[PDB]
2 protein chains.
Amino acid sequence: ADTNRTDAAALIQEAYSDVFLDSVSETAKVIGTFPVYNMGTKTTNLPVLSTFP
Amino acid sequence: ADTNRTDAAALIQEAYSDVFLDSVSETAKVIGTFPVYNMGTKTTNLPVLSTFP
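Residues numbered from 1 in each chain as written, not as in the entry; some residues may be left out. Chains lettered and ligands numbered in written order. Part of a larger assembly, values for the part shown. Heavy atoms only, no water.

- Regarding how it was determined, this PDB entry cites cryo-EM in its header, along with a resolution of 2.6 Å.

See the structure below:
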């Protein structure tokens, strides 16, 4: 006896939104904060003074 | 079938770096702190008032 929402259903059409959609954040810090040395081979030796006169 | 780091080892030299290599610091302070006298001989005499009337 009436055109209901179930009869109009094919004429009804959902929307989308990006308001809550994000990439993962870049939370990493140690390369940003500490000194970086560019290595050229798997092992590097770092001599240090140990004792003195 | 695969080679390896252990098979190839004689091809793989280690690097060297100065990053933690520090010479000894100059921690000495009395010559910068106190009055300095440039002595010209082994001994210098410093007269002082000892008693008074």
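**Some thoughts on the overall build of chain A**
(1) Moving on: When its secondary structure is counted, chain A shows 1 helix and 1 strand.
(2) Moving on: Dimensions of chain A along its principal axes, counting C-alpha atoms only, are 105 × 25 × 10 Å.
(3) Moving on: Relative to its full complement of 53 residues, chain A shows a buried share of 2%.
(4) Moving on: Per element, the accessible surface of chain A, about 5900 Å² overall, is 56% carbon and sulfur. (Helix = DSSP H or I, 4+ residues; strand = E, 2+ residues; numbered from the N terminus. Buried < 20%, exposed > 50% of the residue type's maximum accessible area, 1.4 Å probe, protein only. Areas by Shrake-Rupley, 256 points an atom, 1.4 Å probe, with all protein chains shown as cover.)

**Things to note about a nonpolar patch on the surface**
(1) Moving on: Taken together, the side chains of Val30(A), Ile31(A), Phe34(A) and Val36(A) make up a nonpolar region of the molecular surface, amounting to roughly 460 Å² of accessible area.
(2) Moving on: On the secondary structure map, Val36(A) appears in the loop between helix 1 (30–33) and strand 1 (44–45). (Patch = residues over 30% accessible without salt bridge, like charges linked within 9 Å, V, L, I, M, F, W, Y side chains within 5 Å. Salt bridge = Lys/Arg side-chain N within 4 Å of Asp/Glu carboxyl O.)

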